[PDB]
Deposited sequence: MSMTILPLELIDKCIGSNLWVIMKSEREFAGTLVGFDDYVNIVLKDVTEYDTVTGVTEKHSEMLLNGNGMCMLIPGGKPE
């Protein structure tokens, strides 16, 4: 088998795509982990509005899926 958090740990320094339970997503470079992302794009998947962030602390409570 495979361990989710070991896979995520493998993703440090690589690009990660995060899908919230709500209709919001973030895509950025995983810095560490609640997660810290660098050079992030935030997507509102209903309104379509996109916003950029240099670096951010993302609260973990609302994340649904993490995708390498």
What stretches of this chain's deposited sequence are missing C-alpha coordinates? 1-3, 37-40, 76-80
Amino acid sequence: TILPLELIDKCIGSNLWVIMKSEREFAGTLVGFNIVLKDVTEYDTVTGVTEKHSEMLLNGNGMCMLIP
From here on, numbers count along this sequence of modelled residues.
For 2-10 versus 58-66, entry-based mean Cα B-factors point to 2-10
Among the modelled residues of its chain, does the C-alpha B-factor of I35 lie in the lowest, middle or highest third? lowest
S22: C-alpha B-factor third of its chain, per the entry, is the lowest
